[PDB]
Each structure stands twice: as structure tokens, then as C-alpha cells.
Amino acid sequence: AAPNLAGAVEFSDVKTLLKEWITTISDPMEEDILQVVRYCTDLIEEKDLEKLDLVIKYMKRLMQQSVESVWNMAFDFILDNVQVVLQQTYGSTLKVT
């Protein structure tokens with residue numbers, strides 16, 4: 001099975017799904033955070049760094065617009081984990097600006 005978050009394969013559906021998650025939920029669950037990390041990890045393993053970047057970039061925009069402190073930290077946590085995987089897989093970290 002191709003990398004998916006909660007069943008959503010196409011980036012269109014992932015966007016909608018993540019948009020709902022961040023805006024609707026006020027305090028994210030740890031399991032949801034980990035599924036997002038797991039998903040990002042799977043993009044790397046299946047050699048789809050384009051979509052990874054698209055996903056990271058989108059989450060950054062929404063989680064940093066969020067006045068909810070917890071989302072700001074949630075993005076940092078997600079990105080830290082992704083960077084570890086990239087460090088071991090490629091010996092480099094993702095350029096994020």
C-alpha cells in the first residue's frame with residue numbers, strides 16, 4: 001500500500017484532512033501526532049520527498065497561524081522527528097524556510 005494518512009493517498013485529500021485536524025481540534029492527541037510522523041517517515045522510505053516537503057510546508061503554515069500554543073510546538077516536534085529520519089537516510093536535513 002502506498003503511503004497514506006488515515007486512508008488519504010492523494011495530496012488533495014491529505015490537505016483537507018490536516019486542515020480539519022488542526023482547525024477543529026484544540027488539543028491534539030499523541031497518537032495522531034505519531035501517525036503524522038509515521039506518514040512522513042513512509043514518504044521518505046517510499047522515496048517521495050516532493051510530497052513530504054508539500055506536507056511539511058502545509059502543516060507549518062497552519063500550525064504557526066494557530067493562536068493555540070500547542071500547535072506551534074507540535075510542528076516543531078513533527079519536524080524534529082522527520083529530520084532525524086532524513087539525517088540517517090540521506091545525511092542531510094530538509095531545507096525549511
# chains A, B, ... in the order shown; residues from 1 in each chain; ligands from 1
>>> residues_around(residues="residue A:11", least_positions_apart="3", cutoff="9 Å", atoms="only C-alpha atoms", output="count of residues only")
7
>>> select_by_dssp(residues="stretch 6-67 of chain A", states="alpha helix (DSSP H)", output="number ranges by chain")
A: 11-24, 30-45, 49-65
>>> write_last_selection(atoms="N, CA and C atoms", output="short mmCIF file (atom, residue, chain, number, x, y, z; two decimals), in the first residue's frame")
data_model
loop_
_atom_site.label_atom_id
_atom_site.label_comp_id
_atom_site.auth_asym_id
_atom_site.auth_seq_id
_atom_site.Cartn_x
_atom_site.Cartn_y
_atom_site.Cartn_z
N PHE A 11 -2.61 14.04 -2.35
CA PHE A 11 -2.24 15.19 -1.52
C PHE A 11 -3.42 16.13 -1.25
N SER A 12 -4.37 16.17 -2.20
CA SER A 12 -5.60 16.95 -2.06
C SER A 12 -6.37 16.55 -0.80
N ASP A 13 -6.54 15.24 -0.63
CA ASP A 13 -7.29 14.68 0.49
C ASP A 13 -6.53 14.80 1.81
N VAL A 14 -5.20 14.73 1.75
CA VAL A 14 -4.34 14.89 2.92
C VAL A 14 -4.45 16.32 3.44
N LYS A 15 -4.40 17.28 2.52
CA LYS A 15 -4.59 18.70 2.83
C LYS A 15 -5.90 18.93 3.59
N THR A 16 -7.02 18.50 3.01
CA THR A 16 -8.34 18.63 3.62
C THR A 16 -8.35 17.99 5.02
N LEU A 17 -7.77 16.80 5.12
CA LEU A 17 -7.74 16.04 6.36
C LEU A 17 -6.94 16.75 7.45
N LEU A 18 -5.78 17.28 7.08
CA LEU A 18 -4.92 18.01 8.02
C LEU A 18 -5.50 19.37 8.39
N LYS A 19 -6.15 20.01 7.42
CA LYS A 19 -6.83 21.29 7.65
C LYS A 19 -7.94 21.14 8.69
N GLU A 20 -8.67 20.03 8.62
CA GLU A 20 -9.74 19.75 9.57
C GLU A 20 -9.19 19.45 10.96
N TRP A 21 -8.09 18.69 11.00
CA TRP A 21 -7.47 18.27 12.25
C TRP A 21 -7.00 19.44 13.07
N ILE A 22 -6.22 20.31 12.45
CA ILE A 22 -5.60 21.46 13.12
C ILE A 22 -6.61 22.53 13.54
N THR A 23 -7.59 22.82 12.68
CA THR A 23 -8.58 23.86 12.97
C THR A 23 -9.68 23.41 13.93
N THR A 24 -10.12 22.15 13.80
CA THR A 24 -11.19 21.60 14.63
C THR A 24 -10.70 21.26 16.04
N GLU A 30 -1.65 12.38 21.17
CA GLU A 30 -0.29 11.91 20.88
C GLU A 30 -0.27 10.89 19.74
N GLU A 31 -1.28 10.03 19.69
CA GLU A 31 -1.41 9.02 18.64
C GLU A 31 -1.60 9.63 17.26
N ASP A 32 -2.29 10.77 17.20
CA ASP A 32 -2.49 11.48 15.95
C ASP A 32 -1.19 12.12 15.46
N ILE A 33 -0.44 12.68 16.41
CA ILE A 33 0.90 13.21 16.16
C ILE A 33 1.80 12.12 15.58
N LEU A 34 1.80 10.95 16.21
CA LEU A 34 2.66 9.84 15.80
C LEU A 34 2.29 9.28 14.43
N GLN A 35 0.99 9.24 14.12
CA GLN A 35 0.53 8.79 12.81
C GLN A 35 1.04 9.72 11.71
N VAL A 36 1.11 11.01 12.03
CA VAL A 36 1.61 12.03 11.12
C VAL A 36 3.12 11.84 10.90
N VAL A 37 3.84 11.54 11.98
CA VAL A 37 5.27 11.24 11.89
C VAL A 37 5.48 9.96 11.07
N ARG A 38 4.69 8.94 11.37
CA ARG A 38 4.75 7.65 10.68
C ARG A 38 4.52 7.84 9.18
N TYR A 39 3.55 8.69 8.85
CA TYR A 39 3.22 9.00 7.47
C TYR A 39 4.38 9.69 6.74
N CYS A 40 4.95 10.71 7.38
CA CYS A 40 6.11 11.42 6.84
C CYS A 40 7.29 10.47 6.63
N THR A 41 7.53 9.60 7.62
CA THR A 41 8.58 8.59 7.53
C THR A 41 8.37 7.67 6.32
N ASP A 42 7.11 7.32 6.07
CA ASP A 42 6.77 6.44 4.95
C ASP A 42 7.00 7.10 3.60
N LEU A 43 6.78 8.41 3.53
CA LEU A 43 7.06 9.16 2.31
C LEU A 43 8.55 9.08 1.96
N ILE A 44 9.39 9.21 2.98
CA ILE A 44 10.84 9.11 2.83
C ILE A 44 11.25 7.71 2.39
N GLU A 45 10.68 6.70 3.05
CA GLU A 45 11.00 5.31 2.75
C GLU A 45 10.57 4.92 1.34
N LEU A 49 10.05 12.52 -1.66
CA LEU A 49 10.45 13.71 -0.91
C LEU A 49 9.69 14.96 -1.34
N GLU A 50 9.17 14.96 -2.56
CA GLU A 50 8.31 16.04 -3.05
C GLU A 50 7.09 16.19 -2.13
N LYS A 51 6.33 15.11 -1.98
CA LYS A 51 5.12 15.14 -1.16
C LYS A 51 5.42 15.42 0.31
N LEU A 52 6.53 14.89 0.81
CA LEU A 52 6.97 15.17 2.17
C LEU A 52 7.08 16.67 2.38
N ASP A 53 7.79 17.32 1.47
CA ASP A 53 8.00 18.76 1.55
C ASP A 53 6.67 19.50 1.48
N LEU A 54 5.79 19.05 0.58
CA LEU A 54 4.46 19.65 0.47
C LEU A 54 3.68 19.51 1.78
N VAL A 55 3.78 18.34 2.41
CA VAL A 55 3.10 18.07 3.67
C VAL A 55 3.68 18.90 4.81
N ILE A 56 5.01 18.91 4.94
CA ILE A 56 5.68 19.70 5.98
C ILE A 56 5.35 21.18 5.83
N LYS A 57 5.51 21.71 4.61
CA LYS A 57 5.17 23.11 4.32
C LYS A 57 3.73 23.49 4.69
N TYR A 58 2.77 22.60 4.41
CA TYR A 58 1.36 22.88 4.68
C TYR A 58 1.06 22.90 6.17
N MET A 59 1.59 21.92 6.89
CA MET A 59 1.45 21.85 8.34
C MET A 59 2.08 23.06 9.01
N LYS A 60 3.24 23.49 8.52
CA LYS A 60 3.91 24.66 9.07
C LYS A 60 3.00 25.89 9.01
N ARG A 61 2.43 26.14 7.83
CA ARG A 61 1.55 27.29 7.63
C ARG A 61 0.38 27.31 8.62
N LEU A 62 -0.30 26.17 8.75
CA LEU A 62 -1.49 26.07 9.59
C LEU A 62 -1.19 26.03 11.08
N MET A 63 -0.13 25.33 11.46
CA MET A 63 0.20 25.18 12.88
C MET A 63 0.86 26.42 13.46
N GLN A 64 1.37 27.30 12.60
CA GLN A 64 2.01 28.55 13.05
C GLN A 64 1.09 29.76 12.92
N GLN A 65 -0.01 29.61 12.19
CA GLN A 65 -1.08 30.60 12.17
C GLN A 65 -1.93 30.43 13.41
#
